[PDB]
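*Asks:* no letters, just coordinates:
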Ligand SMILES: Nc1ncnc2c1ncn2[C@@H]1O[C@H](COP(=O)(O)OP(=O)(O)OP(=O)(O)O)[C@@H](O)[C@H]1O
Ligand SMILES: [Mg+2]
């Protein structure tokens, strides 16, 4: 079989890449995105930065809980969060290529898994926009814990 | 000799790109990757395109080729001829002292000599990169 | 019907005979296309300067002509925009088809509107050049001369100023007097490439065209600009160049028999240029309510700014921009000599944030040159002189800018603010590092959504607001601190460095990310 067909080889490669990026110390944590959101939203109402960090972490944990149940989540036409499971029930979160022409089946918007409050939706939308911009310019953003 | 130097430069760029964990796609059929078991132990492989788990950070060959039209045309022709030779059933050499074969169906394999694996391990342990290819005049095949 | 007959052709002038009531610049029609203008006239004879030529006409003695009885008026057509035309309105190179119905007819020598029709200049004209937009401001309705030596980049400055109007409402007009055709075609291609062709006109009079055409081209261009201004539009006019226009007028006058004067130019060359250039400015709503901004170009000899024509033009325009051949020889582009340039409108032709950002930098630069050229006995330099020298050297590194590069107004304002607050002085030992950091800051402000947000909030809330201070303190200053620590480690202990970069985190991930992005198209072994 091929190096992709097994959990151990892919995990080793992913861990090596993550460790290298961590040891470079050039990645943007959740605090950085919270501060960017606070600065971008600092002209409609001031939102506490710690509040934004807590909200972002709860949202990403909601995404984690949804992806561990085998339901892909689409955050943007560009980024779609999915999961790939190998033998022995092992699973691994992934971001797919070409999300434009081969979209995963039964995709749901993020708006479904977010509280209906206007503030929470605005905060998460701003976070998503900043994440897209940071990825475009060439940053390395952390989404789940230790990823 | 110019074309040979250009091809060697392209394969060395692929070699340098795959030891850093970056797979290189030359065509929808052949994708060059690396498998590392531990520090100081890596091995180049050729794999098909996976169906449900897209590879991590795949780059086209076009990324690692100069933008000049002549260079791009030479490398494109080399890739096309390599694909045809693999399809018909040849055994083409890609790196120095290695061999690229296409087995039954669409499964491709890369067989590594002793010294090729030695140079791979030297590159990964001591960062001793192979020297840049140079223009070598053609040598008479006989005598 | 024909009522005149040609009797002589001397000195490139046509002498016609026939009873008529001639007038100055009355159009004489020799065929359906070839026309001339009456210069002097008796009650039965006239002297005419031709405007164009035809291959098949064979205009000689005895040819018949008609005195149309009307003045030289240029007609306006819908397809002028995005085309090159001559002085009579013929499309040499056109982009769209023409409907043969004239929108208007504008007199070539229309007198300038009187004093009560004007208005004060209060709106900037973004030229896309940092040093021009910040220290030598150009407003809407202001005449700024571009004076310089041969091959120093004046045409490039005018072209940059017009290309900066890609996302505005300002109509560009380029009048070319005695230029090369292969350069006019290249400028046309440049206009087509940058998507400003649909709002740009070119009026062309080649170096070997008729002398009357070269003399009357700027007036025809000004008539077109006046037509556009009468419907309340901002017009930016670039005349390239008035040295050729003065030469054409001198040639016409000397061949017509007029006596010479200083430098062999006729005695009324100043009146020519002043009555030409007094037709641009800002106008009140009751009289069109638009503006005509003019950027004439003129050439000196060996950097002699005290020449007759350069000083005649300086006394007409509202300041000047001087391009130095010494600076150009050193690879400094644009080769603008700020110490020899000036804008007479000043901070009144700038935005509030731009005016505050560069309040006293030009005077500081003049003082920096004066101290640099001064020789003294005490080799001890006071703190004020050290600050002046450092700030002048830092200012010298903001001038450099690539060809055809348009820098946003807010980016220039932010850079001038950074210079004014004293953050760029620490680069007094390394200038390449300063260039790199300026490039990184410009890229960040142009591409990132946070940079555009910073520029937008700078425009709407001003510099003094809390939000912009937070943006500056959390986005730009950390990058400068990180870069200064990286390039110059000893600054970690400097007193002033500690004083300014006190509550600033040493964050430099933007520069590293951009460096990674640039180097990601990198190869271990080169092919060449
Ligand atoms: N900012 C710039 N960066 C780099 N090159 C530039 C810049 N501005 C102008 N140049 C180049 O410098 C040369 C001279 O400029 P340009 O032709 O505009 O000057 P000029 O004063 O109009 O000259 P001429 O006397 O020939 O009319 C040209 O090759 C032009 O492309
Ligand atoms: Mg020129």
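*Replies:* Perfect, I can see it now. Residues are numbered from 1 along each chain as shown, chains lettered A, B, ... in the order given. Ligands and ions are numbered 1, 2, ... in the order given.

*Asks:* and residue 87, what does it touch?
*Replies:* By default, I'm working from chain A. Applying C-beta atoms under 8 Å, 6 or more residues apart in numbering or on different chains to residue A:87 gives the contacts residue A:7. The C-beta positions use only the backbone N, C-alpha and C, and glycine is treated the same way.

*Asks:* oops, wrong one, chain C.
*Replies:* Shown in contact with residue C:87 (C-beta under 8 Å, 6+ apart): C:51-52, C:74, C:203, C:205, C:213, C:216-217, C:220.

*Asks:* tabulate those (a markdown table), appending secondary structure and distance to residue C:258.
*Replies:* Shown next, in a markdown table, are the contacts of residue C:87 (DSSP: H, G, I helix; E, B strand; the rest coil; distance: C-beta to C-beta, whole Å):
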| residue | secondary structure | distance to residue C:258 |
| --- | --- | --- |
| C:51 | coil | 20 |
| C:52 | coil | 24 |
| C:74 | strand | 26 |
| C:203 | strand | 26 |
| C:205 | strand | 21 |
| C:213 | helix | 19 |
| C:216 | helix | 17 |
| C:217 | helix | 21 |
| C:220 | helix | 23 |
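
*Asks:* so which of these reach ligand 1?
*Replies:* Counting by C-beta under 6 Å from any ligand atom, nothing from these sits close to ligand 1.

*Asks:* pick the one among these closest to residue A:95.
*Replies:* Nearest to residue A:95 out of those is residue C:203 (C-beta to C-beta; 56.9 Å).

*Asks:* quick check: bridge partners of that closest one?
*Replies:* Taking DSSP bridges as the rule, residue C:203 bridges to residue C:85, residue C:175.

*Asks:* can you report how many residues lie near it?
*Replies:* 27 (other C-beta atoms under 10 Å in any protein chain shown).

*Asks:* residues of chain A that sit close to chain C?
*Replies:* Neighbours of chain C within chain A, by C-beta under 8 Å from any C-beta of the partner chain: A:26, A:28, A:35-36, A:39-40, A:42-43, A:129-130, A:133, A:137-140.

*Asks:* redo that, cut-off 10 Å
*Replies:* By the rule C-beta under 10 Å from any C-beta of the partner chain, the part of chain A lying against chain C is A:24-28, A:32, A:35-36, A:38-40, A:42-43, A:46, A:129-130, A:132-134, A:136-140.

*Asks:* return the member of the contacts of residue C:87 nearest to chain B.
*Replies:* Closest approach to chain B among those (C-beta to the nearest C-beta): residue C:203, at 39.6 Å.

*Asks:* touching, residue A:78 and residue A:97? I think so.
*Replies:* No: with contact defined as C-beta atoms under 10 Å, residue A:78 does not reach residue A:97; the gap is 11.0 Å.

*Asks:* circling back to that earlier point, of the residues of chain A next to chain C, buried ones?
*Replies:* By neighbour count, with 16 or more other C-beta atoms under 10 Å in any protein chain shown, the residues of chain A next to chain C hold A:26, A:28, A:32, A:35-36, A:38-40, A:130, A:132-134, A:137-140 as buried.

*Asks:* what's the closest of those residues to ligand 1?
*Replies:* residue A:137 (26.9 Å; C-beta to the nearest ligand atom).

*Asks:* now that closest one: closest residue in space that isn't a chain neighbour?
*Replies:* residue C:448 (5.7 Å; C-beta to C-beta, 6 or more residues apart in numbering or on different chains).

*Asks:* now swap in residue B:26 and tell me
*Replies:* Distances taken as C-beta to C-beta, 6+ apart put residue B:61 closest to residue B:26, at 4.9 Å, once the chain neighbours are dropped.

*Asks:* now do residue A:86
*Replies:* residue A:7 (4.6 Å).
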